[PDB]
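I have placed the structure first, in the form of structure tokens, so that the comments after it can refer back to it.
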Ligand SMILES: *[C@@](C)(CO)[C@](*)(O)[C@H](CC(C)C)NC(=O)[C@H](Cc1ccccc1)NC(=O)[C@H](CC(C)C)NC(=O)[C@H](CCc1ccccc1)NC(=O)CN1CCOCC1
Ligand SMILES: [Mg+2]
Ligand SMILES: [Mg+2]
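Chains as they are written, first to last, in UniProt numbering: chain A, 34 to 266; chain B, 9 to 125, 133 to 250; chain C, 3 to 242; chain D, 1 to 195; chain E, 76 to 287; chain F, 20 to 241; chain G, 2 to 245; chain H, 4 to 234.
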């Protein structure tokens, strides 16, 4: 039995024609206090997988260590560790999903919601979710926390089903993700302006973008709003 | 002294090889498999005439579709039978079905090598496991203390085994009836037994699909003994 | 824990520790069991090199396992107490779960199983004890007499003897006991048991113990004078 | 389980125990014997939590019978009561205690005296001339204080007992379906069939 | 549920309903509340479905092991006590069981043991267990005699379940009948309450409170 | 305080024919008022012509299916590649479920296939292992909506022969695979209309002696 | 491994004897003689101290005779250190029985349990047996006055008069000669001392080389008293019987 | 001599005699052959019988859909080791959703056998194994020895008179390695290889045992009339 202390908010993601995109802000909240601002919540595993984590940060750092140790362990007595027998997104996910469900079954969960995004060896896109309960699901778009309520509706307008994936380019997909992050900054009280974004493409590989900011915001209309009903001044 | 789980220079486990010598001292047990059923027969061998021979239990039921005969240090077989019975009933509980004869034999043979320095020594008893299932039909297995089991059309174990096995080699064919098999066990038992064969110092049993595993009465076996003697005198 | 495999096979296929446990039984005082038509009698030798004994308090050779079953033995006395205790506990445990007292066969099978367990368990030696277990099954009038030995084998006997000079008394019983017609009464069964011990014992004074068991938990031990009457009667008939 | 009574008189101990077994709004049985013979001259009645009562009684019975076989000797009522108390005293500090109250009626053959022991589920032992468990005591004790004499006969004790059962049948809320009465004396244990 | 079993001149009758509910939701109308431990022993099921199913199947395995080891049929007393001693170990853990172990042996004759999850074990002539037990008791008690014929006894058990099925909301579906003899039990059919009610109403003249 | 259980919604349906059996289930996965996936299968081919679904808490459902698939694998290893009969599978699943009697799998489990006589079979389980063979069973969120409809159309309950004064019942008969799929599709479209947790897609797994076939149909996405 | 150095203490000889038990008995046969004699109105325990030195503190010493409870005592023959391990176990066992049943432990029950412990060391554990033989002298309300003996085998037997330790063969012959059933305590005291005086390996039997104890009903009305004799009391009883 | 009482003792020349005696048990065992191309891997095994009335001892065991082995020596020891492999293959699938590499399979067997050669009380395994498989890096063939030594090979053979088949495969190396996309021809080469280890006896229908795994072929075993094609 736990209670989360230092927390990370939404993680959002989607598939496009040649790969997957995933994003998450750089904030570590301490309740209502926006305590830590340099927190990286996207963690790459190899050159073909990115694990996005929300929820308790102490448990996130534990998971980082597990993934780091997983890479080390896979390299042992493995001449093809950087080739055929390299870690796949599906391998990394199933490992975490096993751990999360074992921990919930011991009534001592890792208080997280995780999205594993990557590209398999055969070029197929991989995008799957797992949380503190051990619940797993996959979809063309996936998001955690507030992102599930506000980002998914926006991302599903681009990729509403499987057949919309080949029709969606990386330019269009990234635009939607960046737009979603702006909306979350407008409406999520535990969000920050600064965020990280990662693209895993089957051709161009892993592109990790740090220190992004929400921009092109609409605030000007606020000056016209006066009072809460009658007030004219 | 020396370790219990030691290999000889020839590549055999001393204790397993020594347990096989104990089995050669044991009373004879014979099994024959047919398309109409499997027959199991044993030499009781009472050490004294005051001993009530009907209390000598060397043929044993494992389940309705599986039977068992033994030879050697027969006291060692009790825990083997207990395990077999539990394995058979447990499988029925988990899978709502009868357990395969081969799978039962394998379960028993897993105990065999669980000794060392687990129990202190191998079993000093060999088992003939006979049964029927829907897949492989009527079967006869020979389970040793080495952990090895062979399926047999016919098999003899005990003191008169090598002489009886040579006789079974000539007599067995694929079209044997159940009645023919019953007489053949009695015939071969009478040949290798020290004392004269009768209903009190020998016991028959069988397993059929229809009626399951059955140990024969002394009255039923006595008639088969009488039928056997008449047929040999008839030519 | 002490793990050593003490009971092991030899090149010729023998377990010497089990066979040496039989030698301990052969050293022990003679014990005999004879079952009649409606009873079983357990006879026991007591060596007479021990005078100044207190027979009130000295452990008796025949032990009650339950109200309907008894157990005598030959071999190491200390070892026998362990088997008797275990048997008594199992007797009460059977009544508790099955709501019925043990059969003589079941009790024998249990004791024999304990003896066997000590022949292939690490860190232990076999029991230097052979037992004669006798009694009557619940609501049954057929007499039961079983024997066990260190190896763990057990079997039923019309009549049997164990211990020192047991081969002599077994020789006696083999010609004197008729299967077709066992001792019809209690007196006949006791007499045959006393006769068989008189082939081996020495004197019929405070050397022979007799215990008679009858159906429905009817067990009684004979006194010196009662046994002495059988001894006096047999000797007078012998001089002929 | 509800009503168990006990009366020690001059030469015997008398135990009375209700026959009803109730679960919910249904009397499942009206002929239940809430007692076990521990030894030829020792009887124990019991009442309390369902399942625990019989399980405990039989466990004690097995232990006393084991002792009798081992020593070829009958334990005194005092010795048996002490053994029972200790088992309950252990039980009360266990993970799941036996919620069982008992009366132990016995005849000591060495002293030639009857003895009645009352032991509750906590392991609280007392020797008494008369005893009860549960709500029964709230009626019977005051009644026995008045009518009981130490030199009474077994027949006088049974009449005294009838007086208790009548009072319980009059003032008790629940129908306990009468009682099974048993007597413990020098000749052992026997049941009164017509009560 | 409603389950009953009673002893009589000709052995034992066992009768149960076939309804199962999850709150007010009727999950099943075709449940087997009589479980066949073996060709000679029956067990009724009331309370937790899984608890009863699982452990009475387990009981049959233990009864089979007994007759393999002892070369004799297990007594009803010994069989019931194996189950009661088992559930007593789990006391406090939350098992929910109200069963009747019914059988016929030589030494015992026809015997019924009520066994329940809080450790109770009672021998008796008549038992009714379940949410509709009171309704069944009413018909059973008022019409029960030891000298009932096998035909009349089977009807009484059927009629008692019908009485409960009618009044108790959580009882109904169909009636399963069993007759237990020394040579084993005999199944006496599944009887849909839908058709049985109207049939009994007409032929018996009972249930006048209902519009027919 | 940490709550180890969750409700992932969805509903499933198993119908048995003469020489076939179907096991259907919607493809929607939810938590509270949110949709997690519009296509997340929960009906699986487990081998030996056995199809299985464990509906309710998805994490427990996935674990159970995973364990049963593994049970089938080891059954082959230990018993000379013997085919696991549907009845043997059912009993095995009871032991999987009851093995966690004091920390249950929060799922309603259904399996379908063919019995040893070649006839269609459906088995349904409660969360702790009580099971029963049936012609018809709906499980999950909309089971209360679908099941009485099945009673009426599959088992012909409350339907009497016209003109017979309600004396002669409508006779029971096996349905064709075509007629069964019609009932499944109509069951799910009706459940989709009136239950918020049901929709998106319908995936049916049909089992015959020839093997395991699949069929997919769209459902309303609101 | 360690198999090489294992003596195998709990095995049979080819003749069916327990090596270690036999060799433990050989050890005990060199220990100071201890005699127990049971009379109709009490029990005597007499024991010879092992070759005493003149500078040994005699009055505050305990080698042979130990108290188990108010009603039971033991005479020791063998390794004293081994005996004290067993004695403390026996003392505890007696108190467990009293705590459980609110009654003093019957003599045989105490003897059996102590003997069962010895038996265990001969059958399992791979340890050497206790090199000790006891003479138990005690009283209970069932059998009255009782004498028992136990030895390393764990076998125990009851006696009217018995000796353990050195020269038991000679000592048992002398006891068998002069013992009779209607004997009193005072007579048994005299027999015990006379027997030691003849079987002793010393030149002459003196007070400083002896331990003595009685268990009488000589207390006031129906109760048992244990008397462990003081040095001066042994000196007096030795003069009174005319040995010195 | 004085240094063969247990596995924990070294000889003066640095030898472990108990491990060598375990190796001897393999030489007494019936011959079995292993070989592979780039697309498929094949096991061929000569089964042995007690007599004409007995069955023929099964030599080949399946470990997963993509892996399995053949045995020579103590069969119960092969059952223990194959069961361990089955669990490890299975752990890799459940936890990582990943087919176990044939090379890791060998490493795991090596380490399990090793522990039994360094501790008092235990004994070495008395069996040799030929593991074949098809994983993400193509076809594989391993040779396990109970000393712990595992070796990856194109082809090999173990058991009695295994030198004959091992010589043949050493000659045929260049031919059979290029048998790609042709199962029956690769088996034929393996059947001809095991034939070089035969004396007085020939390959019959209930004597021969073949197993194959490859690109679009799960690990399957052929016995009885299914191997009559290759005689
Ligand atoms: C009469 C009919 C009523 O008592 C009888 O007593 C019958 C006896 C028959 C069923 C053998 N009893 C029941 O029907 C019994 C009532 C009951 C339930 C729970 C405890 C005590 C008594 N019904 C059940 O046990 C049902 C049987 C199902 C409908 C087949 N099962 C459930 O209610 C299950 C499991 C309940 C449970 C027991 C113990 C621990 C945990 C849970 N619950 C669900 O199915 C709920 N839902 C299933 C779908 O997934 C979400 C959870
Ligand atoms: Mg109703
Ligand atoms: Mg909607």
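Heads up, the beta-carbon is just placed ideally off N, CA and C, and yes, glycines get one too.
With 8 Å set as the bound, which would you pick, yes or no: does the beta-carbon of residue i sit closer than that to a beta-carbon of chain E?
i                     : result
residue 180 (chain F) : no
residue 69 (chain B)  : yes
residue 93 (chain B)  : yes
Give the C-beta separation of residue i and residue j to the nearest angstrom, bearing in mind that I take them to be a contact with Cβ-Cβ under 8 Å.
i                     : j                     : result
residue 163 (chain F) : residue 151 (chain F) : With a Cβ gap of about 18 Å, residue 163 (chain F) and residue 151 (chain F) do not count as contacting.
residue 159 (chain H) : residue 133 (chain H) : 7 Å
residue 139 (chain F) : residue 228 (chain F) : With 8 Å as the limit, residue 139 (chain F) and residue 228 (chain F) do not qualify as a contact, their Cβ atoms being about 11 Å apart.
At least one CB of chain H closer than 8 Å to the CB of residue i: is that the case?
i                     : result
residue 96 (chain F)  : yes
residue 2 (chain G)   : yes
residue 113 (chain A) : yes
Need the endpoints of the alpha helix (DSSP H) that residue i sits in, please.
i                     : result
residue 82 (chain C)  : 79–100
residue 256 (chain G) : A question about residue 256 (chain G) goes unanswered here, because the residues of chain G that appear run from 2 up to 245.
From what residue to what residue does the beta strand (DSSP E) around residue i run?
i                     : result
residue 134 (chain G) : 133–141
residue 100 (chain E) : 100–103
If the cut is a Cβ gap below 8 Å, which residues of chain B does residue i touch?
i                     : result
residue 55 (chain H)  : 184
residue 101 (chain F) : 108, 150
What residues from chain G crowd round residue i, counting only those whose CB sits closer than 8 Å?
i                    : result
residue 79 (chain D) : 102, 103, 104
Taking C-beta pairs closer than 8 Å, name the residues in chain D that residue i reaches, listed in chain order.
i                     : result
residue 91 (chain C)  : 66
residue 143 (chain G) : 73
In chain E, which residues lie with their C-beta within 7 Å of the C-beta of residue i?
i                     : result
residue 124 (chain F) : By Cβ distance, chain E contributes nothing, its closest Cβ being about 12 Å from residue 124 (chain F), past 7 Å.
8 Å is my cut-off, CB to CB: does residue i come that close to chain G?
i                    : result
residue 53 (chain C) : yes
Does residue i come within less than 8 Å of chain B when only Cβ atoms are used?
i                     : result
residue 132 (chain E) : yes
residue 159 (chain E) : no
Find the residues of chain G that neighbour residue i, judging by a C-beta separation of less than 7 Å, and give them in chain order.
i                    : result
residue 79 (chain C) : 156
Residues of the stretch 76–97 of chain H with Cβ closer than 8 Å to any Cβ of chain F, in chain order: 89, 93, 97
What residues in the stretch 46–77 of chain D bring their beta carbon closer than 9 Å to a beta carbon of chain E? 49, 50, 51, 52, 53, 54, 55
Compile a chain-ordered list of the residues in the stretch 9–31 of chain B whose CB is closer than 9 Å to at least one CB of chain F. none
Give me the subset of the stretch 169–194 of chain G whose CB atoms are less than 9 Å from a CB atom of chain C, sorted by chain position. 173, 176, 177, 180
Anything in the stretch 1–35 of chain D with a Cβ closer than 9 Å to a Cβ of chain E? List those residues in chain order, please. 21, 23, 24, 25, 26, 28, 29, 31, 32
Mind checking the stretch 123–137 of chain A against chain F and listing, in chain order, the residues whose C-beta falls within less than 7 Å of any C-beta there? 134, 137
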